[PDB]
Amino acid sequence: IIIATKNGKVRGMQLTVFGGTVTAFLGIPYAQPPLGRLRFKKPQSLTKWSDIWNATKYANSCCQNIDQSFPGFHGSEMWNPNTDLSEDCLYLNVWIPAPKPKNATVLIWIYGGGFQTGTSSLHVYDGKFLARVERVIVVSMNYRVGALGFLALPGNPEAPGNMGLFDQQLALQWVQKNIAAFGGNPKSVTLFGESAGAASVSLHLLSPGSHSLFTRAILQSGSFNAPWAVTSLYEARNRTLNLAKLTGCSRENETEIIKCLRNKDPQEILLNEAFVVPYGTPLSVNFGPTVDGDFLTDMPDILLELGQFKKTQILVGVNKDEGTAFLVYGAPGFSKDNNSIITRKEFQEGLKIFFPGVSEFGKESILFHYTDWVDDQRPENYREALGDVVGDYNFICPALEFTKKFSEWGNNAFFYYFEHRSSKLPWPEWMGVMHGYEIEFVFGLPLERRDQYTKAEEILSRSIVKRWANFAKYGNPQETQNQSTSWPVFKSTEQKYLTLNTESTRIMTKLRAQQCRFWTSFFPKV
């Protein structure tokens, strides 16, 4: 119940899971707290300690703005931080099976939240079910989000950019140096993440600094080529300056803009983060990854195109209704509390909200490609069309393009299409299989019959957990024992993908082909 790590001993706690035991080490520090002079800088290595560190509760989550569009609504607030916000937030968690394993594959979770929100302590990121059921070690870490983790003065070490990614990376190296002491295999490490977490995984595939720190990768509903996932260097500087003016920290000396920003209280920086862009969207990522020249040596789309990335297996997928969640965060005529039937002119107003700096021709072209109904007076035509627009553009098509280009360099890739809507999903039914709601199935929450899930959901989560574990351990996401449909590799010509649902799991081909040709080839030109 105590483990000797390279910086000192840590005490865990035992947990009862499915008539068995999991040992949890919650809140192990992995860097110097980035306070004072250290704010905005790369994480600094941790100094030794002589005590026994009590790792028996989740640590502080990183400073971040909270979603307030639905106070008291579980569908919204299940994603909000469940620990104190603090700048002192660079901690990580470890779930090891009991008895202590000998050479367990390690699954490392990177949460999403648009690079502005999120925390490893969320209920749906609870790794004990994976450790219990599959004998893997689950690691998850908190990394800085928002401007505190991604403010960029390119080249300037006082705020070089990508600090949150380097937090992630320092946690990956912690697993390299220490996880063997917990019974894990540092040579069998699988990164997996969702949305901005998945985009982070994809950038670890491109970052040479991370190539020795993991084996395989799983990308759930996200990838770096998504329009929200990388900030340009023009955007980053225009945004760092706008933050400076709004905080009164404008200086000619660029580094003393940073020291001025470093004496502002965390809340003042959080308050101004939303205004650094003239017109935001429910998908704005005002402070995200940048081509810093350190974690990212070049524009990542070039690295992908020219095969500059860690050669290994990837598992990639999206959900059926990625876009709908964002519609009730700004689009007119929409509400989680009615069926959100919108008109043609509401749809058109919706495009202006999601594509504010887009020529009127571009917005007409989106409308044209999405509004030739197979039946022209289905009243929900425009409602579904806007969701599919936001989903295809922001998640599904970038994930498919990532998988194609990555697979074109010889590595096995597996693509899934998650299309099960959770029986307990607090959001309305018109929103469907929403962004983020495969996670609980991946983490095995339906395996606990105590908690309101159908038996079909238990079976689906059991299979997904097995597939994810086999992918991490073996590089092949098959369920070999229960006569399951085999999951074929995704190759650039046939582009087979596996659908994940409770009734029938099927092999299909060329997901959203005609929609993605619009977004991937034509729309980048407008």
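Just so we're on the same page, rigid core means the largest C-alpha set that superposes within 1.5 Å between forms. Numbering starts at 1 and runs along the sequence shown.
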Report summary line: Note: with structures superposed on the core, the stretch whose C-alphas sit farther off in 4 other deposited structures of this protein, 273 to 281 or 179 to 187, is 273 to 281
**Report entry** 448 to 456 or 144 to 152, whichever carries the higher mean Cα B-factor
**Finding:** 448 to 456
Query raised in the report: Hey, which bit's got the bigger mean C-alpha B factor in the entry, 227 to 235 or 187 to 195?
Result: 227 to 235
Query raised in the report: Which one, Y125, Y382, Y417, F414, has the peak C-alpha temperature factor per the PDB entry?
Result: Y382
Report task. Have a look at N470, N65, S61, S50 and flag the one whose Cα has the highest B-factor in the entry. Result -> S50
Report task. Looking at the entry's B-factor column for C-alpha atoms only, identify whether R517 ranks in the lowest, middle or highest third of its chain. Result -> middle
Report task. For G114, return the chain-relative third of its C-alpha B-factor as stated in the PDB record: lowest, middle or highest. Result -> lowest
Query raised in the report: When the modelled residues of the chain are sorted by Cα temperature factor, does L46 land in the lowest, middle or highest third?
Result: highest
Report task. Compare the C-alpha B factor of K264 with those of the other modelled residues in its chain, then answer lowest, middle or highest third. Result -> highest
Report summary line: Sorting the chain's modelled residues by C-alpha B-factor and splitting them into thirds places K496 in the middle
